[PDB]
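Below is one structure; the comments refer to it alone.
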Ligand SMILES: *C/C=C(C)/C=C/C=C(C)/C=C/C1=C(C)CCCC1(C)C
Ligand SMILES: CCCCCCCC/C=C\CCCCCCCC(=O)O
Ligand SMILES: [Cl-]
Ligand SMILES: [Cl-]
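Numbering (the authors' numbering), first residue to last: -1 to 265.
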C-alpha cells in the first residue's frame, strides 16, 4: 500500500519530515497521558457506567499504539540523503489507521450508548446497526484510499459511498441522543448535545483529510493531512473521552454513587 499513497511520491525537507514525526510523537504522549487519567478516574464511576471509562482507556492505547507505529514506520521509510529525506523502503502507509478504526469507532460509539442510559435490547440493536454502518464506512474508505495516487475519480466514488454510510451513522447517533436526553441526570442532558456537535465537527475532519490528494497533492499536502488527523484524533478520542467521563461521573453522583460524589466534591 505504500506505493498507493501520495507520501511515497515525494522527498521531504528536514522541516517537513521532522514536523510530521513530532506530530505523531506528540499524539502518542497525549493519548498515553490521557490513559492514566481515565484509569485513575474509573474508580469514581458507578458500575452502570464504568464500561464507558474503560472504553476510553482501550481507545487511548489503541490510538497511541497506532500513532507510535506510524512514527516508527515513517522514520524507517526515509533517510536523509543528499539534502532531503528520500524514500528508502515501503514501510509507510495510512492504511493502518483505517484498520484501527474498525476497532476504535465501535468503542467510541459504545461509550456514548452507555452514558445515554440505553440498555438491554435497545443497546444491543443500536450498537449493531451503528457498527455495521461504521464498518461500511471504514471499509469503503479504505478501498478508496488505495487509489489516491493513480485514480482520483475512484477515490472520490468510494468516498461518496463511504459518506452515505457516515451520514446514516450520524443520523442514528443524533436521533438516539436527542430522543434520550431527557433520561440524563445531573444536568448532563445539556452536556450530551455538545458531545453530538463535537462528533460532527471532529469526525468530519477525516473525509477532509481523505480528500487532500485531490486538492493538494504535494509534500505540504502530506503535512496538512497529518495535521488534520492530529486535530481530529485528539478531538474525537481525547476531548470526546473526557466529556464522556465527565458525563459518566456526573450521572454517577446524581444516582447516589458515593465515590463519584466525593470525587466531584473534592474538586
Ligand atoms: C478515532 C477515529 C475516528 C473517530 C475516525 C473517524 C473516521 C471517519 C469519520 C472517516 C470517514 C470517512 C468518510 C466519511 C469518507 C472518506 C473515507 C473516510 C473513512 C475517511
Ligand atoms: C485540537 C488539537 C490541537 C493540535 C495541535 C497541533 C500542534 C501544531 C500546530 C500548529 C503548528 C503549525 C506550524 C507548521 C510549520 C510548518 C513547518 C514546515 O512544514 O516546514
Ligand atoms: Cl450503577
Ligand atoms: Cl485510531
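Every residue, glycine too, gets a C-beta built ideally from N, C-alpha and C.
Exercise for the section: Return yes when the Cβ of residue 200 is within less than 8 Å of the Cβ of residue 109, no when it is not. Expected result: Taking the chain shown and counting its residues from 1, one reaches residue 109 at position 111. Taking the chain shown and counting its residues from 1, one reaches residue 200 at position 202. No, the Cβ-Cβ distance between residue 109 and residue 200 is not below 8 Å.
Handout entry: Buried/exposed call for residue 12, threshold 16 Cβ in 10 Å
Key = If you number the chain shown from 1, residue 12 lands on position 14. Residue 12 comes out exposed.
Exercise for the section: Give the straight-line distance between the Cα atoms of residue 190 and residue 180, rounded to the nearest whole angstrom. Expected result: By one-based count along the chain shown, residue 190 stands at place 192. By one-based count along the chain shown, residue 180 stands at place 182. Their Cα atoms are separated by approximately 10 Å.
Practice task
State yes or no: is the C-beta of residue 130 nearer than 7 Å to some heavy atom of ligand 1?
Solution key: Taking the first residue of the chain shown as 1, we reach residue 130 at position 132. No, the beta carbon of residue 130 sits no closer than 7 Å to any heavy atom of ligand 1.
Exercise for the section: For residue 283, name the three-state secondary structure that DSSP assigns. Expected result: Limits of the chain in this structure are -1 at one end and 265 at the other, which puts residue 283 out of reach.
Practice task
Taking the CB atoms as reference points, tell me whether residue 131 and residue 167 lie closer together than 8 Å.
Solution key: Against the chain shown, residue 131 aligns to sequence position 133. Against the chain shown, residue 167 aligns to sequence position 169. In contact: residue 131 and residue 167 (Cβ atoms closer than 8 Å).
Practice task
Examine ligand 3 and report whether any of its heavy atoms sits within less than 7 Å of the Cβ of residue 45.
Solution key: Counting from one through the chain shown, the residue named residue 45 turns up at place 47. In this structure, residue 45 has its beta carbon less than 7 Å from a heavy atom of ligand 3.
Problem - Residues that residue 84 bridges to, as DSSP identifies them - result: Position 86 of the chain shown, counted from the first residue, corresponds to residue 84. As DSSP reads the structure, residue 84 sits in a beta bridge with 77.
Practice task
Grab the span of the alpha helix (DSSP H) containing residue 241 for me, first residue to last.
Solution key: Here residue 241 corresponds to residue number 243 of the chain shown, with the count starting at 1. Where residue 241 is concerned, the enclosing alpha helix (DSSP H) starts and stops at 238 to 252.
Practice task
Measure the beta-carbon distance from residue 257 to residue 42 and round it to whole angstroms, keeping in mind my assumption that it falls under 8 Å.
Solution key: Against the chain shown, residue 257 aligns to sequence position 259. Against the chain shown, residue 42 aligns to sequence position 44. Confirmed, about 5 Å.
Exercise for the section: Taking the CB atoms as reference points, tell me whether residue 9 and residue 68 lie closer together than 8 Å. Expected result: Counted from its first residue, the chain shown places residue 9 at position 11. Counted from its first residue, the chain shown places residue 68 at position 70. Annotated as distal: residue 9 and residue 68, with beta-carbon spacing of 8 Å or more.
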